[PDB]
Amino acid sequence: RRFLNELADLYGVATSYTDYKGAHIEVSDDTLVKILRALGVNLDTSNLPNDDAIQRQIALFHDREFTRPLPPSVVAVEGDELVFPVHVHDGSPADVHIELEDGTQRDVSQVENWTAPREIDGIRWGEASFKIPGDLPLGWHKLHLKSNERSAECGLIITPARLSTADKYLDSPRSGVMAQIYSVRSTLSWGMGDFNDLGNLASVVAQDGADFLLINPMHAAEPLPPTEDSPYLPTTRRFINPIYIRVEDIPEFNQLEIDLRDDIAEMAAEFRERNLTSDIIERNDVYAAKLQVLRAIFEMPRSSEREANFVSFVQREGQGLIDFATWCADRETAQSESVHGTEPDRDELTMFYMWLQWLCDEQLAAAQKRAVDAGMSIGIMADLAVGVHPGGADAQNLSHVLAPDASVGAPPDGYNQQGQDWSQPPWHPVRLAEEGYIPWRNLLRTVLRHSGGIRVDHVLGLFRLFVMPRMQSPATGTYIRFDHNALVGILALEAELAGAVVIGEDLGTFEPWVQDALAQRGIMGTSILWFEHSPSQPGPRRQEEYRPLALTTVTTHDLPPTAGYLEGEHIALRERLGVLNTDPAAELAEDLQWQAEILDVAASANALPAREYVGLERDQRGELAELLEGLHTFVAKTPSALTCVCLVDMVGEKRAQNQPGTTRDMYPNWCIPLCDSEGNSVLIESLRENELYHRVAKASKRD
């Protein structure tokens, strides 16, 4: 075990941990070996390696480190004169320079290095140290090494000390609205919300003071139905789901012949009827129908201004676009049924999937423009899922920077007794760095392109991930470490270049250095009223104890909306799905007590009248609107830089969008259309007609 621990340490594989229920776990030998092998360490396939083979992997690690001409990459915060190692054949030149992102050359300076040379596979190697200048601009640079006829390069990435939005909003606190956009319909939506709806909704809530509209992840899933309902298991984290395209807004739509336009209107009219119902959302027939229309509009010729815009987009997005689109073409061809002696044209199909991304780009840009022209300081705030579907586009195209024999999840919980497996393949911590973090850069830059902020799901994943050998129980997992200076630094860099807010979903209870690494960069936490406990006294967090560098909400997409939550729906819902194991009554009683305590704290802050809630019957605490107003006021007057009103709470929705740890045959997660307390659909057009909307909007105002 001593040699296995030594090896695990060199690869950043944890040999023990504390679980989410606070238990101490020593990781098995078997798990260490399987995770090392998932990272590409050559240990015997029996998962029965001997001490020789482990010792030989130790020595190979040190030797391979000693023959790296440059580091995999070098990441530094602005102002740091960071020192890095170079390895050359002993007695040959170590000529090193910097090429900045803009093409400018810079120099490095040699500094003292005491390391002795070593012979490795018959070559004597030496080590030198060089120091970067402390005045490099932010961005994506390169280090270049020439040693006679040998050459090497690595990324040199310079990251900001602090996001400018952090002090802006600390100084000038604002509110916003969160919406699950697929669930919010206008009169014209095809059964589910689209990019037009996104921009429309932003413009509407902006009239009542909202400075951002936070939405679900919008990452692409399967390129044709059937398609994943969860926004949190997409096929890529870079490219965008074309299901959201409003086809009628495409300029070339208008070049279709009128009889085809009438056919399309007939399809449209049928999906539009769904907008008026409370029926579960069906992505598959909507998607299939849009794709059919998009295939027709793709034939229409573009004006030369439009063509040059499309070509400009394709140039900008580079090879990852072509790779994603080619993967879509391949998936389509494999699932479709070929006529005898006809082949689909892979290149034309590739072009079609490229073009769908260009449409997503321009419709999202127009949505953001609408939001900001309506007065929003931030605009759309995007959400970044933790990871991708294991058999999908990124799993293939980014294979070289993943460890697909491991699966991402969560260790065992008080609630989830066997932990969780989210099924995603993790980044490979070294190979991602060898690639200069360019895949992390590119997904971020796309996510932030038309947004004013990003919410990072599972932000702890910038530091470490809990992983298990694929197809094994989460009890068998362990943590793999990442270079947080790189992952967090690059998140801050991309956000700073985009003038963006960064929110890191903060829910767990991690080491002080981790919290500090985020806070120092101006990355905001997340405070959720129903989960918050006072650091100081027992019971709920007081108004004045809410963290300033945070997004504070009453609720989230993983909880029942507040009208349901007030009436015990979290418990009624878990019970009817058979996912509560404890006694329903004892749970409802615990819930009433906790609610009472929160309502008492709200009353100490003058947000509600001081009724002395502990003791009151559930239906004796005030009208729903009064309680909504009081909770929203309580949140609005916290010192939190940002607060978020959930759209569901503005219309009296009682149905949960997602019940965590239920599956799609248990509850229609991610399929619940926006409805009021009476189960009636609320369209975007009607939002501001209902008095409840205006009451909650006024209660949430911050100035």
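All residue numbers refer to positions in the sequence shown, first residue = 1.
> 450-458 versus 570-578: which one carries the higher mean Cα B factor per the record?
If you average the C-alpha B-factors of 570-578 and of 450-458, the larger mean comes out for 570-578.
> Per the record, averaged over C-alpha atoms, which has the higher B-factor: 58-66 or 664-672?
Mean C-alpha B-factor is greater for 664-672.
> Comparing recorded Cα B-factors across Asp506, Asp361, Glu629, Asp383, which one is largest?
That would be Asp506.
> Among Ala492, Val111, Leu294, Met300, which residue carries the highest C-alpha B-factor recorded in the PDB entry?
Checking the PDB record, the top C-alpha B-factor among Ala492, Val111, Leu294, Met300 is at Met300.
> When the deposited Cα B-factors of this chain's modelled residues are ordered and cut into thirds, is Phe482 in the lowest, the middle or the highest one?
Tercile = lowest for this residue's CA B-factor.
> Lowest, middle or highest third: which one holds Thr31 when the chain's residues are ordered by CA B-factor from the entry?
It falls in the middle third of the chain.
> Ranked by Cα temperature factor within the chain, is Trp355 in the lowest third, the middle third or the highest third?
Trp355: CA B-factor falls in the lowest third of its chain.
> Sorting by Cα B-factor within the chain, modelled residues only, which third would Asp649 end up in: lowest, middle or highest?
Ranked within chain, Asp649 CA B lands in the lowest tercile.
> Hey, what third does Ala38 fall into on Cα B-factor, ranked over its chain?
Middle third - that is where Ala38 ends up once the chain's C-alpha B-factors are sorted.
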